[PDB]
Amino acid sequence: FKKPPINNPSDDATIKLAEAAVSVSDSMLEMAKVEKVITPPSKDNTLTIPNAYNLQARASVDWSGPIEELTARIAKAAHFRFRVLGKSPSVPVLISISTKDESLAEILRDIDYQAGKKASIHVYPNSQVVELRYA
Amino acid sequence: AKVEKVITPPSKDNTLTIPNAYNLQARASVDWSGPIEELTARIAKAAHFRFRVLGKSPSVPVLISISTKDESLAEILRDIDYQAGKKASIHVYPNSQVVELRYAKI
Amino acid sequence: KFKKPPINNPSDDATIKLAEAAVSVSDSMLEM
Amino acid sequence: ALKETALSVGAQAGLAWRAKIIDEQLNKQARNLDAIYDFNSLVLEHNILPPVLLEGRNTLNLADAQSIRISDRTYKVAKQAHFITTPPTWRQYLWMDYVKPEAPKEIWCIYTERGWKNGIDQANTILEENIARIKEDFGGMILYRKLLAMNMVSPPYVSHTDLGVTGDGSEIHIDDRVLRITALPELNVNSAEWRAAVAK
Amino acid sequence: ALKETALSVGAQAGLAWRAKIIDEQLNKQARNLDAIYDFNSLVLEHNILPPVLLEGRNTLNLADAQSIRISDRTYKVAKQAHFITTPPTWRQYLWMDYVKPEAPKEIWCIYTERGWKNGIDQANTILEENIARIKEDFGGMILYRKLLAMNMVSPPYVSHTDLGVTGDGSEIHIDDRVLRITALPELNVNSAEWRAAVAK
Amino acid sequence: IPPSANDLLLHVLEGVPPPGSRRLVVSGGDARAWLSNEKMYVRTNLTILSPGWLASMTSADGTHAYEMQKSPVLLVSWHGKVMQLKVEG
Amino acid sequence: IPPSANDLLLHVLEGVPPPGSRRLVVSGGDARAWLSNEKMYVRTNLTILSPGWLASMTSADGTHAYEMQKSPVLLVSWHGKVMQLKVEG
Amino acid sequence: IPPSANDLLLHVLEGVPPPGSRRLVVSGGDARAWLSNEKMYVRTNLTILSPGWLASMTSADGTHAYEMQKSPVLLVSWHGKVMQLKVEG
Amino acid sequence: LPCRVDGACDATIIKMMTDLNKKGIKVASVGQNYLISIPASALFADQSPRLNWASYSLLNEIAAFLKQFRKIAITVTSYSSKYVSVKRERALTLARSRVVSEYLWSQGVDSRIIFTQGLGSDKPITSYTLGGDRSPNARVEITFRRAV
């Protein structure tokens, strides 16, 4: 012998209440479906994993400040040359990374994310250079 | 929902950024009402995916409340991605095993 | 019979909150 | 008069009893009411609680013997749009306040059951005003999203002016953004910029 | 009433008992606390006690309806860097004060053991605040040496002006060095000199 | 120029009373009523027939709201039936 | 220009209370609360859901600290569970 | 320019009290204490550790004299052993 | 007043643990993780994603054991011995885990997530491969961490 559900809608008011709840939940999901802006992953413009074996080192960073110093010493952590192309503005582009065992390629990925529009990250791993670009 | 979906047609889904996968077709039944990070870390930990975030967390917590029963983790993360509207975004890279949560830049 | 393995002495709460202070100063000293 | 103080003996006990009974009746439906009153998935993108746009169609006002004024719709915004930290639940609206009173013959019994029924429907009218209030607030925020989709109201205009490292040598704040709402949401009276929803 | 002065009889006796139990429980662990709160190996080189830095990440302030201020980190300097002769031990912070109070039916017994439990958790509240205060000062000095290593706060600048054989015929001092702190430690707000420490 | 309506009628087009009211006890029909300042406000979906209303609004679901003077009776049309409604206050 | 936060929130981001406070009695969750001048400060790792806070900070280990108005109940999220918390004062 | 030390410490480097003082009975080790005007003055061969001394001199045979604020407990190192001493005043 | 128990007591935890182990449902409990191992003959029929009707008493006492703790995510996974194919095995065990967690979610558990999965004999507990659902490799087992 089985049992009914415990807080079941087993009552003539509560079946209409919870039917209204599942109705407002899926109508909430379709209004979220329309006004959710997505990005296609072919046109997302963030950095990929650059798959260098020096870039697959599991690092640890707790830091919050300008992106140029973190990328410069993350470059010499990865034994990479570091090039900055562009002009650093007076208000600095600030990032914030706090993770304690994570690969520095994905650390470079999410400072490219936390830069966003104010800066960008390129990695050319055949010449082993990583370039912070401004705009 | 009628007037919003007729004034803007939703042109794209989020299945092209959260595709289905093997060990993402495991099922789950979730009631949850806290922040997004413990929920997505538990979805990825039972999905055998490395979970990572992009963006620092906003100071107001992005809250969701997923209340559903018996569906797979791909559409659970699609419901998480829709309920985080313009605040966060779930991406899944199933060539590797990454579930990634991105906050917004505001 | 049912038993979890480490059945130590009875701790008290002074040493309990000293321990969960000491682990926070331990790993903050470690990352420093 | 002893029947009347028996009735007010029964009134606060029946109100506290009905308040307790509908409190666990509210707590039984707590996930359902969280699904119903999803205020968290109705906030705006800079954590702005949207405003409450009341609607009244088919409005008439007889001002005197000689003049009326009709309008076909009015839309009024109450409770204007503002920076929320944590979005409101149902429990700020609907929770009836439970105290248990410790304050104690034939007409005492029948007037105390009449006072018990008076306390029960008095607490039911308090509940009726409470779900009335949350229906007003959530329907006005739903109607804000409807009129923003219909281009009848302006969206709020934030301005995140950034400051870098801020302060003297004793206090720094590293990424110091100050966010304002410059333009509050308001109904546009420009009639030609509206959007008229068909369906199928 | 008599139960209320029974629990007030039990409260101070229970907090004095719990104070004695955590006092020789502290004294049992006394070398471990010397190893844990090693302030002596945290001083700077002219016996300056380093200042306590408080980190607050993800700070947000809701000022009104229309303006918020966020900052990603804040660093604050409390308890500025100063010359100590001897280093602070743990016992200045953690020692609760043990006096033994000599100030003395059925509801007396059960309310005096409810008062004994309230005295026990009130003494545990004072121990929790003392553990918190020494954790705040010790993690502040660890945060000083971390942000000095990250070049977020300037080191203190001493100035040992040397005077030779001073004094009159009635008193001499042979080697009179007077040591001052000219520059206090302060957080540098030019942000480009900071040091991001990666690891492996 | 006359005023447009009362703007309290959007509140009493829901069930929420006006600020600083007194509830009225409607009997014999699905209406609610509040007494704000020498004025009653009923919220209903019946049709008000006898006592004269000064202002009216109507929501999406055929709920109306009426601002009127304080009459102790209300005549309604239910569905073609003339009925009455006692209030108290 | 608004103020940045409260700088008492770095004190209550640790366990140490503000100077000149009164402690409140948090029951039903791992939080502490104090009351300095008509504002309560909580030190939590549960997340605050209903009653609205005026400011917040968060330490390295995910301890938050919130400055809010004096509410007798806090609604928290533990791990998706929605719990409550009583204070006294 | 700061002052040099106290010249009362030249007196309490050997056992002689300062003029116009009050004696303090020290228990638990070979140390003597006086109280001149709201500062206590200790003469010892141990090294005091906790309560903060404002001034110190040290003799030819290695006995110290400290000028300090009046603390009831003196922490000391004897020979690496950490002991306490109580005074009375 | 705050509550002492959470509607649950340690005597009833050890009583349901020794009664489920007397019934043959093996309740291992390592530290704070807990593991209820059900053989698939006690729940389902042979190679079927359908419960027998008598097994709902076993799931009622499993859910009454699961009421006793406070947990976050119950995971429940199933694997049975090889029948026609690994794809038939994974579809069978995914449906077996989803029907047993559909009943456990219908019943009172206070978990937040239930992770239901099935593997195609990918973790056999025994190298003996004696039969179908009479085999001790054929099992559905319920694992969780007791929170606080």
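Can you give me the number of residues within region A:73-106 that are assigned to a loop (DSSP other than H, G, I, E, B), of a type in the set (A, V, I, L, M, F, W, C) and surrounded by fewer than 16 Cβ atoms within 10 Å (Cβ to Cβ)?
Going through region A:73-106 one residue at a time, the tally reaches 1.
If I filter region A:49-61 for residues that are under 29 Å from D:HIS160 (Cβ atoms) and touching a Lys or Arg at 6+ places or on another chain (Cβ under 9 Å), do I get at least one hit?
yes
Just to verify a result, which residue in region G:59-89, among those that are facing another protein chain (nearest Cβ under 9 Å) and out of contact with any strand residue (DSSP E or B) (no Cβ under 8 Å at 6 or more places or on another chain), is nearest to B:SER59 (Cα to Cα)?
It comes out as G:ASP61.
Exactly one condition in (1) within 11 Å of chain E (Cβ to nearest Cβ); (2) among the hydrophobic types (A, V, I, L, M, F, W, C); (3) out of contact with any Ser or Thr (no Cβ under 9 Å at 6 or more places or on another chain) is not met by H:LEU24; state its number.
(1)
So, F:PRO3, is that one assigned to a loop (DSSP other than H, G, I, E, B) and more than 7 Å from every other protein chain (Cβ to nearest Cβ) or not?
Judged against the criteria, F:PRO3 is not a match.
Output the residues belonging to region E:97-133 that are outside any helix (DSSP H, G or I) and touching an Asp or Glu at 6+ places or on another chain (Cβ under 8 Å).
Listed by number, the list holds a single entry, E:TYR98.
Can you say whether G:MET40 is within 14 Å of chain E (Cβ to nearest Cβ), crowded, with 20+ Cβ neighbours inside 10 Å, under 11 Å from the mean Cα position of the chain (by Cα) and hydrophobic (A, V, I, L, M, F, W, C), as far as the supplied structure shows?
The answer is no for G:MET40.
What strands (runs of 3 or more DSSP E) lie completely within region B:1-80 and have 3 or more residues being more than 13 Å from chain G (Cβ to nearest Cβ), out of contact with any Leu (no Cβ under 9 Å at 6 or more places or on another chain) and closer than 21 Å to I:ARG96 by Cβ?
Strands (runs of 3 or more DSSP E) meeting the threshold: B:67-72.
Applying the selection to region D:103-160, what residues are within 14 Å of chain F (Cβ to nearest Cβ) and of a type in the set (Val, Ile, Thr)?
Across region D:103-160, the qualifying residues are D:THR125, D:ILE126, D:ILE131, D:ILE134, D:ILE142.
For E:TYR75, are the conditions met, namely being in contact with a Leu (Cβ under 8 Å, 6 or more places away or on another chain), more than 14 Å from chain G (Cβ to nearest Cβ) and on the phi < 0 side of the Ramachandran plot?
no
Against the conditions (1) among the β-branched types (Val, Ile, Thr); (2) within 17 Å of I:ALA40 (Cα to Cα); (3) touching a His at 6+ places or on another chain (Cβ under 7 Å), where does I:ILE72 fall short? Just the number, please.
It is condition (2) that I:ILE72 fails.
One line per residue, one yes/no per condition, for (1) in contact with a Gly (Cβ under 6 Å, 6 or more places away or on another chain); (2) hydroxyl-bearing (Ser, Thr, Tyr); (3) over 25 Å from D:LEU53 (Cβ atoms):
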residue	(1), (2), (3)
F:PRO17	no, no, no
F:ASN45	yes, no, no
F:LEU54	no, no, no
F:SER71	no, yes, yes
F:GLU88	no, no, yes
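In region A:1-35, which residues are within 14 Å of chain I (Cβ to nearest Cβ) and β-branched (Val, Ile, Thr)?
Result: A:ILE6, single match.
Taking interchain pairs and intrachain pairs at least six residues apart, which have beta carbon atoms under 9 angstrom, with the first residue in region C:10-29 and more than 7 Å from chain E (Cβ to nearest Cβ) and the second hydroxyl-bearing (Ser, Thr, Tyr) and not in a helix (DSSP H, G or I)?
C:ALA19/C:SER11
For every residue, the table says whether it meets (1) in contact with a strand residue (DSSP E or B) (Cβ under 8 Å, 6 or more places away or on another chain); (2) in a helix (DSSP H, G or I); (3) surrounded by fewer than 16 Cβ atoms within 10 Å (Cβ to Cβ); (4) not hydroxyl-bearing (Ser, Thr, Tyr).
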| position | (1), (2), (3), (4) |
| --- | --- |
| E:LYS135 | no, yes, no, yes |
| E:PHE138 | no, yes, no, yes |
| E:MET141 | yes, yes, no, yes |
| E:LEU147 | yes, yes, no, yes |
| E:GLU171 | no, no, yes, yes |
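Return the residues of region E:37-78 that are in a loop (DSSP other than H, G, I, E, B), within 22 Å of G:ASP61 (Cβ to Cβ) and among the charged types (D, E, K, R); say none if nothing qualifies.
E:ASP38
Don't worry about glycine lacking a Cβ; one is built from the backbone with ideal geometry, like all the others, and counts go over all protein chains shown. Read-outs throughout are calculated quantities, based only on the coordinates presented, and are distinct from any laboratory measurement.
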